[PDB]
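Shown next, in structure tokens, is the structure this report addresses.
Protein chains in written order, with PDB author numbering: chain A, 41 to 84; chain B, 141 to 184.
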């Protein structure tokens with residue numbers, strides 16, 4: 041079902057970091073634009 | 141100097157995801173507490 045003996049390679053770091061940094065940036069962009077469109081008064 | 145033949149294992153995904161999700165959560169906590177402590181009026 042879940043054949044895996046765990047890992048510990050260096051390449052895993054670079055890849056793991058890229059993913060995290062990618063999700064972060066994408067979040068900031070969305071949030072910014074979101075708050076921009078919604079403008080002031082966010083509760084109606 | 142940089143001995144690496146690239147990777148492509150599954151374990152890399154689970155690890156990469158955890159890192160990204162970990163950085164995100166940590167960010168939210170900091171931001172929330174930050175804005176909370178700073179309270180209204182953030183420019184003095």
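Cβ atoms here follow ideal geometry from the backbone N, Cα and C, with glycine treated the same way.
Would you mind sorting residue 159/B into buried or exposed? The rule is 16 or more other CB atoms within 10 Å of its CB.
Start at 1 with the first residue of the second chain, and residue 159/B comes out as number 19. With 16 or more Cβ atoms within 10 Å of its Cβ, residue 159/B is classed as buried.
Going by the CB atoms, is the gap between residue 55/A and residue 156/B shorter than 7 Å?
As a working mapping, residue 156/B is identified with position 16 in the second chain. As a working mapping, residue 55/A is identified with position 15 in the first chain. Against a cut-off of 7 Å, the Cβ pair of residue 55/A and residue 156/B comes out as a contact.
Just the C-alpha distance for residue 46/A and residue 151/B, rounded to the nearest angstrom, thanks.
The residue labelled residue 46/A in the question sits at position 6 within the first chain. The residue labelled residue 151/B in the question sits at position 11 within the second chain. One C-alpha to the other measures close to 7 Å.
Integer Cβ distance of residue 164/B from residue 67/A, believed to fall under 8 Å
Position 24 of the second chain, counted from the first residue, corresponds to residue 164/B. Position 27 of the first chain, counted from the first residue, corresponds to residue 67/A. Correct: roughly 7 Å between the Cβ atoms.
For residue 147/B, go through chain A and note every residue whose CB falls closer than 8 Å to its CB, in chain order.
Here the question's residue 147/B lines up with position 7 in the second chain. Going along chain A in sequence order, the residues near residue 147/B (Cβ under 8 Å) are 49, 51, 52, 55.
If you draw a straight line from the C-alpha of residue 84/A to the C-alpha of residue 78/A, how long is it?
Residue numbering aside, residue 84/A sits at position 44 when the first chain is read from its first letter. Residue numbering aside, residue 78/A sits at position 38 when the first chain is read from its first letter. When rounded, the distance between both Cα atoms is 11 Å.
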